[PDB]
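Read the structure below first, then the notes.
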Amino acid sequence: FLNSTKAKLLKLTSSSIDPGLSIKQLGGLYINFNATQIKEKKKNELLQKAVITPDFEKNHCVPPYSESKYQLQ
Amino acid sequence: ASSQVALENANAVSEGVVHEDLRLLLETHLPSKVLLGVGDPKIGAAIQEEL
Amino acid sequence: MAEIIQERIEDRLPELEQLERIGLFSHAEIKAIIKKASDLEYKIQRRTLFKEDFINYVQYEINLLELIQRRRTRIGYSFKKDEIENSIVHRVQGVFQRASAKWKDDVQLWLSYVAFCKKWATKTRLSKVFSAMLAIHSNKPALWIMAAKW
Amino acid sequence: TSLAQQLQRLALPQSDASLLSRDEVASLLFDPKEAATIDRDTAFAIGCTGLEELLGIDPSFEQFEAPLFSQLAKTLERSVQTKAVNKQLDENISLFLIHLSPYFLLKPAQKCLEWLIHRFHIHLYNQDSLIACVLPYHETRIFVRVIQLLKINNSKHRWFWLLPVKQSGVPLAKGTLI
Amino acid sequence: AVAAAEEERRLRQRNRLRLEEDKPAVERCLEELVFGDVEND
Amino acid sequence: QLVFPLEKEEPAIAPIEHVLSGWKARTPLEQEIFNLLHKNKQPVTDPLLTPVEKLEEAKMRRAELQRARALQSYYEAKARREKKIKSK
RNA sequence: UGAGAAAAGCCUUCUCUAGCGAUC
């Protein structure tokens with residue numbers, strides 16, 4: 001897709017025009033055109049925001065699972 | 001591009017003259033019967049003389 | 001809420017019923033397509049918007065287009081391209097335009113839009129895309145080269 | 001309260017209130033406020049990642065790819081199907097939890113358990129299997145979280161004696177177990 | 001025009017028959033994306 | 001339904017080729033390339049891609065447009081020929 | 001003032017802003 005021209009099919013020049021940046025250097029295209037990177041990031045960011053943390057075994061009392069709104073206020 | 005470029009444009013805007021960067025943007029993306037809105041009457045006359 | 005989504009599903013209905021006319025798709029397949037299209041439509045019409053929903057919508061329509069393309073060769077039916085394929089391509093172009101308007105700074109979305117325009121869209125539509133790209137991203141020399149290369 | 005006793009005895013996991021609303025969501029890994037903002041795709045991705053990590057350590061998990069960690073399991077919801085389907089699901093979940101029990105302290109097992117809780121609501125339908133899976137680790141805090149997932153408030157419930165470790169957030173003592 | 005419509009109905013049945021007997025492996029990958037994996041029996 | 005004002009409005013986004021006409025030359029690089037082209041026959045812009053504001057010079061220009069259209073068909077036909085070979 | 005007065009824990013009904021959404 002990045003370099004697939006019809007001039008490549010019908011040879012008219014020795015070499016083609018080179019763009020400095022490539023798809024592989026970047027993150028890559030968001031969609032597939034034949035027979036995911038944001039999904040791992042969303043999974044990894046969600047994983048970092050978890051109640052189970054380092055020193056979870058260290059704490060003596062587990063924080064309560066749920067609180068009523070009145071107690072939180 | 002840089003802070004020195006920004007300082008040059010700031011002086012030109014204050015004096016009311018058209019900088020080369022400003023004309024580069026205006027000539028490229030404006031079709032050529034066109035209404036242009038500017039905040040300064042002095043820069044408006046200068047643009048109308050150049051373009 | 002569901003009024004805009006309902007408008008879009010009723011807009012999607014005629015090509016589905018034409019596909020049922022073709023024999024390309026069965027009635028249960030049409031029902032499943034309607035269900036998944038509604039499910040994907042509900043995500044992109046919310047007050048809180050994310051880019052991955054637009055990406056999933058575009059990918060689903062691309063997959064549907066590929067499936068239709070594969071089945072038409074086996075059937076041998078080449079009529080009524082404009083009723084179905086052009087409508088789907090127009091809807092995908094509208095989705096891309098909304099996504100690019102919402103997120104201008106993302107170059108990857110712009111390049112995906114360019115790729116889809118190359119594969120499925122008229123050359124003048126791709127011509128309009130480059131002008132929109134170079135208008136706000138004129139500080140990147142590589143984008144100038146890509147437009148000149150095409 | 002005689003009507004109230006009859007109604008509370010007539011309650012069933014199928015007619016739970018949380019099935020019909022998203023105000024509260026039960027989650028092993030997240031607090032309910034953040035857990036109510038998670039799409040099914042994200043939880044499915046976490047479960048698949050956990051199972052893929054588990055496959056490296058132990059191969060024999062591959063048989064759980066199809067019935068529990070596939071698209072068919074993604075679309076399936078227990079309440080819609082009959083009792084035979086629920087019984088087969090119970091057998092599959094019990095087998096998978098038996099396989100999970102050695103690796104429960106590891107994170108991929110926690111991810112798989114989170115996906116199971118999100119999709120099949122095993123804290124309501126498979127209390128005994130979950131307790132059997134988590135019981136040998138009663139000295140840990142993740143055990144306290146799993147107990148906090150369950151609802152054991154009624155004094156006539158089988159697991160009522162596990163109530164304080166839910167209310168106070170402390171591990172179960174071995175003397176009480178004995 | 002009724003006989004013409006009856007001719008088209010069998011044509012739909014003939015096209016529907018041919019698309020179901022033989023399916024390549026690539027197509028089955030596509031159908032799960034487009035239709036999902038739902039069993040109602 | 002009646003829409004006011006009655007006069008029609010052009011589409012919002014110009015498709016590049018229309019924009020290319022508006023630019024002129026001020027850089028010394030452009031001046032030399034501009035000068036060398038007009039002393040010879042080669043045009044600055046593509047006639048078919050770039051529209052112009054709606055005697056003999058018009059007739060020969062029309063012949064130039066017909067030839068330019070002829071080359072585009074010739075390149076497409078040659079592109080079709082190699083595509084058929086690769087399909088085989 | 002006079003379902004006296006005072007304090008704690010649960011449901012019900014509702015009020016304000018503030019972002020966010022309207023770009024195809």
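The way I read the labels, and the way they are meant: chains A, B, ... in the order of the structure tokens, residue 1 as the first residue of every chain, and ligand 1 as the first ligand shown, with later ones counted on from there.
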Expected answer as JSON, numbers by chain: chain A residues within 7 Å of chain D, only C-alpha atoms: {"A": [43, 50, 51, 52, 57, 61, 62, 63, 64, 65]}
For the selection just defined, write its residues with N, CA and C atoms to a file, as a PDB file, in the first residue's frame.
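To be explicit, this is the file written out as part22.pdb:
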ATOM      1  N   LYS A  43      -5.880  -2.305  27.125  1.00  0.00           N
ATOM      2  CA  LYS A  43      -5.795  -3.377  28.113  1.00  0.00           C
ATOM      3  C   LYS A  43      -4.703  -3.097  29.138  1.00  0.00           C
ATOM      4  N   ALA A  50      -5.679  -1.120  38.834  1.00  0.00           N
ATOM      5  CA  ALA A  50      -6.292  -2.274  39.473  1.00  0.00           C
ATOM      6  C   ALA A  50      -6.075  -2.191  40.976  1.00  0.00           C
ATOM      7  N   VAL A  51      -7.041  -2.719  41.731  1.00  0.00           N
ATOM      8  CA  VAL A  51      -6.931  -2.712  43.188  1.00  0.00           C
ATOM      9  C   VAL A  51      -5.767  -3.587  43.637  1.00  0.00           C
ATOM     10  N   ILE A  52      -5.546  -4.708  42.953  1.00  0.00           N
ATOM     11  CA  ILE A  52      -4.396  -5.552  43.252  1.00  0.00           C
ATOM     12  C   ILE A  52      -3.141  -4.855  42.744  1.00  0.00           C
ATOM     13  N   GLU A  57      -0.054  -7.992  49.344  1.00  0.00           N
ATOM     14  CA  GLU A  57       0.101  -8.931  50.449  1.00  0.00           C
ATOM     15  C   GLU A  57       0.594  -8.222  51.704  1.00  0.00           C
ATOM     16  N   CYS A  61      -5.192  -5.153  56.286  1.00  0.00           N
ATOM     17  CA  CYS A  61      -6.626  -5.191  56.038  1.00  0.00           C
ATOM     18  C   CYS A  61      -6.895  -4.783  54.596  1.00  0.00           C
ATOM     19  N   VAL A  62      -7.727  -5.561  53.912  1.00  0.00           N
ATOM     20  CA  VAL A  62      -8.145  -5.256  52.547  1.00  0.00           C
ATOM     21  C   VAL A  62      -9.032  -4.018  52.588  1.00  0.00           C
ATOM     22  N   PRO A  63      -8.865  -3.064  51.668  1.00  0.00           N
ATOM     23  CA  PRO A  63      -9.830  -1.973  51.574  1.00  0.00           C
ATOM     24  C   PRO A  63     -11.207  -2.509  51.231  1.00  0.00           C
ATOM     25  N   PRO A  64     -12.269  -1.890  51.749  1.00  0.00           N
ATOM     26  CA  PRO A  64     -13.618  -2.435  51.544  1.00  0.00           C
ATOM     27  C   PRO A  64     -14.005  -2.472  50.071  1.00  0.00           C
ATOM     28  N   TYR A  65     -14.754  -3.515  49.705  1.00  0.00           N
ATOM     29  CA  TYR A  65     -15.101  -3.743  48.304  1.00  0.00           C
ATOM     30  C   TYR A  65     -15.972  -2.622  47.749  1.00  0.00           C
TER      31      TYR A  65
END
For range 9-18 of chain B: contacts at 10 Å, only C-alpha atoms (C1' of nucleotides), fewer than 3 positions along chain excluded, given as a PyMOL selection string: chain B and resi 3-6+21-23+40-47+50
Proximal residues of chain F relative to chain C (only C-alpha atoms; 9 Å) as an MDAnalysis selection string: chainID F and resid 13:17 19
For the residues selected in the previous step, produce a file with N, CA and C atoms as a PDB file, in the first residue's frame.
ATOM      1  N   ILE F  13     -14.248  21.797  -0.665  1.00  0.00           N
ATOM      2  CA  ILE F  13     -12.860  21.360  -0.787  1.00  0.00           C
ATOM      3  C   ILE F  13     -12.493  21.275  -2.263  1.00  0.00           C
ATOM      4  N   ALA F  14     -11.493  22.057  -2.666  1.00  0.00           N
ATOM      5  CA  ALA F  14     -10.977  21.981  -4.023  1.00  0.00           C
ATOM      6  C   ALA F  14     -10.049  20.773  -4.176  1.00  0.00           C
ATOM      7  N   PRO F  15     -10.128  20.069  -5.310  1.00  0.00           N
ATOM      8  CA  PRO F  15      -9.363  18.824  -5.468  1.00  0.00           C
ATOM      9  C   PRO F  15      -7.957  19.008  -6.026  1.00  0.00           C
ATOM     10  N   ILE F  16      -7.129  19.835  -5.381  1.00  0.00           N
ATOM     11  CA  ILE F  16      -5.702  19.976  -5.688  1.00  0.00           C
ATOM     12  C   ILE F  16      -5.471  20.575  -7.072  1.00  0.00           C
ATOM     13  N   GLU F  17      -5.975  19.908  -8.116  1.00  0.00           N
ATOM     14  CA  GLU F  17      -5.682  20.325  -9.484  1.00  0.00           C
ATOM     15  C   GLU F  17      -6.205  21.727  -9.766  1.00  0.00           C
ATOM     16  N   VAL F  19      -6.392  23.985  -7.402  1.00  0.00           N
ATOM     17  CA  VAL F  19      -5.523  24.841  -6.600  1.00  0.00           C
ATOM     18  C   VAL F  19      -4.203  25.107  -7.320  1.00  0.00           C
TER      19      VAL F  19
END
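Going from CA of residue 35 in chain A to CA of residue 68 in chain C covers 14.6 Å.
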Surrounding residues of residue 44 in chain D excluding itself and chain neighbours under 3 positions, 10 Å, only C-alpha atoms (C1' of nucleotides), as a count of residues only: 19
Contact residues (chain B, partner chain C, 10 Å, only C-alpha atoms) as a PyMOL selection string: chain B and resi 1+25+28-29
Could the residues in this selection be saved with C-alpha atoms as an mmCIF file, in the first residue's frame?
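Saved to result17.cif:
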data_model
loop_
_atom_site.group_PDB
_atom_site.id
_atom_site.type_symbol
_atom_site.label_atom_id
_atom_site.label_comp_id
_atom_site.auth_asym_id
_atom_site.auth_seq_id
_atom_site.Cartn_x
_atom_site.Cartn_y
_atom_site.Cartn_z
ATOM 1 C CA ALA B 1 9.242 27.164 12.849
ATOM 2 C CA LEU B 25 -0.202 31.260 3.441
ATOM 3 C CA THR B 28 -1.567 29.220 -1.386
ATOM 4 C CA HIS B 29 -4.999 28.459 0.094
#
Near-residue 120 in chain C list (8 Å; only C-alpha atoms (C1' of nucleotides); drop same-chain fewer than 3 positions) as a VMD selection string: chain C and resid 89 116 to 117
Selection from above, C-alpha atoms, as a compact mmCIF listing (two decimals), in the first residue's frame, can you write it?
# COMPACT_ATOMS: atom_id res chain seq x y z
CA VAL C 89 -18.35 3.51 0.09
CA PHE C 116 -9.11 3.53 1.51
CA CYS C 117 -9.57 6.29 -1.07
Quick one: everything within 8 Å of range 4-21 of chain C, counting only C-alpha atoms (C1' of nucleotides), minus sequence neighbours fewer than 6 positions away in the same chain. Send it as a PDB file with N, CA and C atoms, in the first residue's frame.
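Saved as out34.pdb:
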ATOM      1  N   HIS C  27     -31.728 -14.525   4.414  1.00  0.00           N
ATOM      2  CA  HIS C  27     -32.497 -13.635   5.277  1.00  0.00           C
ATOM      3  C   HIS C  27     -31.916 -13.573   6.686  1.00  0.00           C
ATOM      4  N   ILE C  30     -28.980 -11.351   6.578  1.00  0.00           N
ATOM      5  CA  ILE C  30     -29.408  -9.955   6.590  1.00  0.00           C
ATOM      6  C   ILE C  30     -29.770  -9.520   8.006  1.00  0.00           C
ATOM      7  N   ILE C  34     -27.916  -6.570  10.087  1.00  0.00           N
ATOM      8  CA  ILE C  34     -28.661  -5.463  10.685  1.00  0.00           C
ATOM      9  C   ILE C  34     -28.332  -5.333  12.167  1.00  0.00           C
ATOM     10  N   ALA C  37     -24.726  -4.057  12.596  1.00  0.00           N
ATOM     11  CA  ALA C  37     -24.652  -2.672  12.149  1.00  0.00           C
ATOM     12  C   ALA C  37     -25.266  -1.732  13.174  1.00  0.00           C
ATOM     13  N   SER C  38     -26.401  -2.118  13.764  1.00  0.00           N
ATOM     14  CA  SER C  38     -26.997  -1.306  14.821  1.00  0.00           C
ATOM     15  C   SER C  38     -26.086  -1.234  16.040  1.00  0.00           C
ATOM     16  N   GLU C  41     -23.351   1.090  15.235  1.00  0.00           N
ATOM     17  CA  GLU C  41     -23.851   2.449  15.073  1.00  0.00           C
ATOM     18  C   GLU C  41     -24.097   3.112  16.421  1.00  0.00           C
ATOM     19  N   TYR C  42     -24.555   2.336  17.406  1.00  0.00           N
ATOM     20  CA  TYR C  42     -24.843   2.901  18.724  1.00  0.00           C
ATOM     21  C   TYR C  42     -23.591   3.465  19.386  1.00  0.00           C
ATOM     22  N   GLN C  45     -22.522   7.242  17.966  1.00  0.00           N
ATOM     23  CA  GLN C  45     -23.480   8.330  18.113  1.00  0.00           C
ATOM     24  C   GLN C  45     -23.639   8.781  19.560  1.00  0.00           C
ATOM     25  N   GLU C  83     -25.974   0.375  -6.617  1.00  0.00           N
ATOM     26  CA  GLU C  83     -26.979   0.358  -5.558  1.00  0.00           C
ATOM     27  C   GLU C  83     -26.369   0.001  -4.207  1.00  0.00           C
ATOM     28  N   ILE C  84     -25.358  -0.866  -4.198  1.00  0.00           N
ATOM     29  CA  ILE C  84     -24.826  -1.400  -2.948  1.00  0.00           C
ATOM     30  C   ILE C  84     -23.440  -0.838  -2.650  1.00  0.00           C
ATOM     31  N   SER C  87     -23.060   2.984  -2.252  1.00  0.00           N
ATOM     32  CA  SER C  87     -23.689   3.431  -1.011  1.00  0.00           C
ATOM     33  C   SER C  87     -22.809   3.125   0.197  1.00  0.00           C
TER      34      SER C  87
ATOM     35  N   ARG E  12     -33.514 -17.023  -7.345  1.00  0.00           N
ATOM     36  CA  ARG E  12     -32.985 -16.766  -6.009  1.00  0.00           C
ATOM     37  C   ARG E  12     -32.680 -18.066  -5.280  1.00  0.00           C
TER      38      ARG E  12
END
Pick from A:41, A:60, A:11, A:24 nearest to chain F, counting only C-alpha atoms: A:11
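Once residue 86 in chain F and its same-chain neighbours fewer than 4 positions away are set aside, residues 9 and 10 of chain A; 79, 80, 81 and 82 of chain F remain within 12 Å of it when counting only C-alpha atoms (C1' of nucleotides).
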Any chance you can output those residues with N, CA, C and O atoms as a JSON list (two decimals), in the first residue's frame?
[["chain", "number", "residue", "atom", "x", "y", "z"],
["A", 9, "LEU", "N", 4.53, -1.76, -11.77],
["A", 9, "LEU", "CA", 4.07, -2.83, -12.64],
["A", 9, "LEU", "C", 4.63, -2.66, -14.05],
["A", 9, "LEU", "O", 5.16, -3.61, -14.63],
["A", 10, "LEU", "N", 4.51, -1.46, -14.61],
["A", 10, "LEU", "CA", 5.00, -1.15, -15.95],
["A", 10, "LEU", "C", 6.30, -0.37, -15.79],
["A", 10, "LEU", "O", 6.30, 0.84, -15.60],
["F", 79, "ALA", "N", -1.51, -0.47, -19.59],
["F", 79, "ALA", "CA", -1.64, -0.97, -18.22],
["F", 79, "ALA", "C", -2.61, -2.14, -18.15],
["F", 79, "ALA", "O", -2.43, -3.06, -17.35],
["F", 80, "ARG", "N", -3.67, -2.11, -18.97],
["F", 80, "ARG", "CA", -4.60, -3.23, -19.01],
["F", 80, "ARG", "C", -3.94, -4.47, -19.60],
["F", 80, "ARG", "O", -4.24, -5.60, -19.19],
["F", 81, "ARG", "N", -3.06, -4.28, -20.59],
["F", 81, "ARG", "CA", -2.40, -5.42, -21.23],
["F", 81, "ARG", "C", -1.52, -6.18, -20.26],
["F", 81, "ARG", "O", -1.55, -7.42, -20.21],
["F", 82, "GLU", "N", -0.72, -5.47, -19.47],
["F", 82, "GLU", "CA", 0.17, -6.14, -18.52],
["F", 82, "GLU", "C", -0.61, -6.77, -17.38],
["F", 82, "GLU", "O", -0.19, -7.79, -16.81]]
DSSP helix (DSSP H, G or I) residues within chain B, listed as JSON, numbers by chain: {"B": [3, 4, 5, 6, 7, 8, 9, 10, 11, 12, 13, 14, 15, 20, 21, 22, 23, 24, 25, 26, 27, 28, 29, 41, 42, 43, 44, 45, 46, 47, 48, 49, 50]}
Please tabulate, as a tab-separated table, the residues of chain E that come within 10 Å of chain D, each with its closest pair of atoms and the distance in Å to one decimal, counting only C-alpha atoms and ordering rows by chain, then residue number upward.
residue	atom	partner	partner_atom	distance
E:32	CA	D:71	CA	8.4
E:33	CA	D:71	CA	9.8
E:36	CA	D:71	CA	7.3
E:37	CA	D:72	CA	5.2
E:38	CA	D:72	CA	6.0
E:39	CA	D:72	CA	7.7
E:40	CA	D:81	CA	9.3
Residues of chain E within 12 Å of chain A, counting only C-alpha atoms, as a VMD selection string: chain E and resid 25 to 30 33
Those same residues - N, CA and C atoms - I'd like them written as a PDB file, in the first residue's frame.
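Result file follows (again.pdb):
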ATOM      1  N   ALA E  25     -11.983 -21.607   2.730  1.00  0.00           N
ATOM      2  CA  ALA E  25     -11.588 -21.343   4.111  1.00  0.00           C
ATOM      3  C   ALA E  25     -11.518 -19.851   4.409  1.00  0.00           C
ATOM      4  N   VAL E  26     -11.122 -19.040   3.425  1.00  0.00           N
ATOM      5  CA  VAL E  26     -11.057 -17.595   3.627  1.00  0.00           C
ATOM      6  C   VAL E  26     -12.449 -17.028   3.878  1.00  0.00           C
ATOM      7  N   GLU E  27     -13.458 -17.559   3.183  1.00  0.00           N
ATOM      8  CA  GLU E  27     -14.820 -17.056   3.346  1.00  0.00           C
ATOM      9  C   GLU E  27     -15.339 -17.290   4.760  1.00  0.00           C
ATOM     10  N   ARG E  28     -15.075 -18.470   5.330  1.00  0.00           N
ATOM     11  CA  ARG E  28     -15.540 -18.760   6.685  1.00  0.00           C
ATOM     12  C   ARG E  28     -14.921 -17.812   7.703  1.00  0.00           C
ATOM     13  N   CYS E  29     -13.675 -17.393   7.474  1.00  0.00           N
ATOM     14  CA  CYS E  29     -13.075 -16.373   8.327  1.00  0.00           C
ATOM     15  C   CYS E  29     -13.820 -15.051   8.203  1.00  0.00           C
ATOM     16  N   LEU E  30     -14.257 -14.708   6.989  1.00  0.00           N
ATOM     17  CA  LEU E  30     -14.975 -13.455   6.782  1.00  0.00           C
ATOM     18  C   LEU E  30     -16.367 -13.491   7.404  1.00  0.00           C
ATOM     19  N   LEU E  33     -16.619 -12.560  11.028  1.00  0.00           N
ATOM     20  CA  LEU E  33     -16.501 -11.122  11.250  1.00  0.00           C
ATOM     21  C   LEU E  33     -17.793 -10.395  10.892  1.00  0.00           C
TER      22      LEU E  33
END
Residue 159 in chain D environment, 10 Å, only C-alpha atoms (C1' of nucleotides), sequence neighbours closer than 2 positions dropped, as a VMD selection string: chain D and resid 127 to 128 131 147 150 to 157 161 to 163
Take the residues from that selection and write them out as an mmCIF file, in the first residue's frame, keeping N, CA, C and O atoms.
data_model
loop_
_atom_site.group_PDB
_atom_site.id
_atom_site.type_symbol
_atom_site.label_atom_id
_atom_site.label_comp_id
_atom_site.auth_asym_id
_atom_site.auth_seq_id
_atom_site.Cartn_x
_atom_site.Cartn_y
_atom_site.Cartn_z
ATOM 1 N N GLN D 127 -21.073 -20.882 42.760
ATOM 2 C CA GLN D 127 -20.430 -20.515 44.018
ATOM 3 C C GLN D 127 -19.560 -21.646 44.555
ATOM 4 O O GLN D 127 -18.420 -21.415 44.974
ATOM 5 N N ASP D 128 -20.079 -22.878 44.538
ATOM 6 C CA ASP D 128 -19.346 -24.004 45.110
ATOM 7 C C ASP D 128 -18.050 -24.271 44.356
ATOM 8 O O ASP D 128 -17.010 -24.532 44.971
ATOM 9 N N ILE D 131 -15.515 -21.498 45.251
ATOM 10 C CA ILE D 131 -14.987 -21.687 46.601
ATOM 11 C C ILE D 131 -14.018 -22.860 46.637
ATOM 12 O O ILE D 131 -12.970 -22.794 47.288
ATOM 13 N N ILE D 147 -14.040 -13.723 47.958
ATOM 14 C CA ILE D 147 -15.138 -13.842 48.916
ATOM 15 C C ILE D 147 -16.016 -12.594 48.889
ATOM 16 O O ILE D 147 -17.246 -12.682 48.981
ATOM 17 N N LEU D 150 -18.868 -12.627 46.400
ATOM 18 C CA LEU D 150 -20.066 -13.399 46.703
ATOM 19 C C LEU D 150 -21.002 -12.638 47.641
ATOM 20 O O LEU D 150 -20.604 -11.701 48.339
ATOM 21 N N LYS D 151 -22.268 -13.059 47.649
ATOM 22 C CA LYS D 151 -23.279 -12.550 48.574
ATOM 23 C C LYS D 151 -23.727 -13.690 49.490
ATOM 24 O O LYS D 151 -24.370 -14.647 49.046
ATOM 25 N N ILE D 152 -23.350 -13.598 50.764
ATOM 26 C CA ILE D 152 -23.588 -14.660 51.739
ATOM 27 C C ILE D 152 -24.254 -14.112 52.997
ATOM 28 O O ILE D 152 -24.052 -14.640 54.096
ATOM 29 N N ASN D 153 -25.046 -13.047 52.844
ATOM 30 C CA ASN D 153 -25.570 -12.326 54.003
ATOM 31 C C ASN D 153 -26.553 -13.168 54.813
ATOM 32 O O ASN D 153 -26.595 -13.060 56.045
ATOM 33 N N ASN D 154 -27.361 -13.991 54.146
ATOM 34 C CA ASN D 154 -28.388 -14.761 54.840
ATOM 35 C C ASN D 154 -27.760 -15.759 55.807
ATOM 36 O O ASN D 154 -26.811 -16.471 55.464
ATOM 37 N N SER D 155 -28.303 -15.812 57.028
ATOM 38 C CA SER D 155 -27.763 -16.696 58.055
ATOM 39 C C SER D 155 -28.042 -18.165 57.771
ATOM 40 O O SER D 155 -27.370 -19.031 58.339
ATOM 41 N N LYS D 156 -29.012 -18.463 56.910
ATOM 42 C CA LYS D 156 -29.318 -19.836 56.534
ATOM 43 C C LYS D 156 -28.541 -20.299 55.310
ATOM 44 O O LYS D 156 -28.721 -21.444 54.877
ATOM 45 N N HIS D 157 -27.693 -19.444 54.746
ATOM 46 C CA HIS D 157 -26.891 -19.819 53.593
ATOM 47 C C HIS D 157 -25.805 -20.814 53.990
ATOM 48 O O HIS D 157 -25.371 -20.867 55.144
ATOM 49 N N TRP D 161 -20.814 -18.694 57.303
ATOM 50 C CA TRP D 161 -19.706 -18.563 58.244
ATOM 51 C C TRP D 161 -18.525 -17.806 57.651
ATOM 52 O O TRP D 161 -17.635 -17.383 58.397
ATOM 53 N N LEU D 162 -18.494 -17.628 56.332
ATOM 54 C CA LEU D 162 -17.483 -16.807 55.677
ATOM 55 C C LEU D 162 -17.858 -15.331 55.639
ATOM 56 O O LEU D 162 -17.191 -14.559 54.945
ATOM 57 N N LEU D 163 -18.921 -14.932 56.336
ATOM 58 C CA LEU D 163 -19.344 -13.533 56.314
ATOM 59 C C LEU D 163 -18.311 -12.539 56.848
ATOM 60 O O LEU D 163 -18.092 -11.518 56.172
#
Check: which chain C residues lie within 7 Å of chain A using only C-alpha atoms, as a PyMOL selection string: chain C and resi 55+59+108+112+115+142+145-146+149
Write out the residues from the selection above, keeping N, CA, C and O atoms, as a CSV table (one decimal), in the first residue's frame.
chain,number,residue,atom,x,y,z
C,55,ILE,N,-12.8,3.2,14.0
C,55,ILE,CA,-12.0,2.2,13.4
C,55,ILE,C,-12.7,0.9,13.2
C,55,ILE,O,-12.7,0.3,12.1
C,59,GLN,N,-13.7,-0.9,9.7
C,59,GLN,CA,-13.2,-2.3,9.4
C,59,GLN,C,-14.4,-3.2,9.1
C,59,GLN,O,-14.2,-4.1,8.2
C,108,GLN,N,-1.9,9.0,11.3
C,108,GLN,CA,-2.2,7.6,10.9
C,108,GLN,C,-3.7,7.5,10.4
C,108,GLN,O,-3.9,6.7,9.4
C,112,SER,N,-4.7,6.2,6.7
C,112,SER,CA,-5.7,5.1,6.4
C,112,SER,C,-6.8,5.6,5.5
C,112,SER,O,-7.3,4.9,4.7
C,115,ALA,N,-5.4,5.5,2.0
C,115,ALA,CA,-5.4,4.1,1.5
C,115,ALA,C,-6.7,3.7,1.1
C,115,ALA,O,-6.9,3.0,0.0
C,142,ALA,N,7.5,15.0,4.2
C,142,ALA,CA,7.2,13.7,3.7
C,142,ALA,C,5.8,13.6,3.1
C,142,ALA,O,5.6,12.9,2.1
C,145,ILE,N,5.9,14.9,-0.5
C,145,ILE,CA,6.5,13.9,-1.4
C,145,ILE,C,5.4,12.8,-1.8
C,145,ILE,O,5.3,12.4,-2.9
C,146,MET,N,4.6,12.4,-0.8
C,146,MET,CA,3.6,11.4,-1.1
C,146,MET,C,2.6,11.9,-2.0
C,146,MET,O,2.1,11.2,-2.9
C,149,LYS,N,4.2,12.0,-5.4
C,149,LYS,CA,4.5,10.7,-5.9
C,149,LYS,C,3.2,10.1,-6.5
C,149,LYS,O,3.3,9.4,-7.6
Residue hits in chain C, query chain D, radius 12 Å, only C-alpha atoms, as a PyMOL selection string: chain C and resi 36+43+48+52-53+56
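Taking CA of residue 143 in chain C as the reference point, CA of residue 61 in chain C is found at 27.2 Å.
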